[PDB]
Each structure stands twice: as C-alpha cells, then as structure tokens.
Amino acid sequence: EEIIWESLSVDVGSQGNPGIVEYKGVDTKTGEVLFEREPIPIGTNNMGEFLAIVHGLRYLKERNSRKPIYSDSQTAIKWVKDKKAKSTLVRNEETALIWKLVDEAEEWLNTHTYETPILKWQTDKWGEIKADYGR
C-alpha cells in the first residue's frame, strides 16, 4: 500500500541475459548510490538480482541498520528466503566467477542471521524501483 521510504532498494543491470551482470543498491528516499558491484562477465538476471539482495543484507548488518530491502524480483526474493539460488546457468569456465559469488552468498546466508524484511517493490503501482538501471 504505502512505500516504506526508510529502506534500501536494489536492482540488477545486464548486457545480455545471460550476459554481463552488475547490480547496485540505493537509498529509496533519496536515490543515493550506496554500493555498486563491478560488472561480472557472464551471469543471469536472477543471479544478479539474488546477489544484490544478499549484498544489501550484508551491507545493512555491517552498519547495524534495521532498514528493509526492496527488490522487484519475485525469483530472487524466494531464493534468498530459501537460502538457495536455483539457477539454470551452465557451470563452465566462463561462468565460474558468477557461480563462485552465488555459492559464497548462499554460504553467507547459512552462517549468519538477520531480521531484515525483504519486500517486493510494487512496480505496477509505484513505477520503476529506485535502483533501476533504465535500460
């Protein structure tokens, strides 16, 4: 119903899918960019969306912040809930890096705790998520 403005919004950007993947997190209220991942040469949209949320979790925990995270990805929200990214992406030499990051993100979730609410950004009502890349 109401946007929770005191929150962190994340999103993925890619050139191709699968393709070059990056992600960022912003202050929902102001749009300030709080983190940005160096582009990863081959990944999927959903792996990027998943890593973005987990990074948000790590970022907010490190800073003792109880803010919620918004993501527009139904898929990534569920993967985080499950602590398991069910990506179809082939594992080979050119996807090794993204798969290393995904594996490590799952491992972080399985070894840490958090109370952060992970909320669905309601694109149909509110427009584009504030972390969107605009591609």
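So that there is no doubt, residue numbering starts at 1 and follows the sequence shown.
Mean CA temperature factor is higher for 29-37 when stretches 99-107 and 29-37 are set side by side in the entry. Averaged over Cα atoms, the B-factor as recorded in the entry is higher for 80-88 than for the other of 80-88 and 59-67. When the Cα B-factors of 125, 24, 120, 112 are read from the PDB record, 125 comes out highest.
The entry lists a Cα temperature factor for residue 131 that places it in the middle third of the chain's modelled residues.
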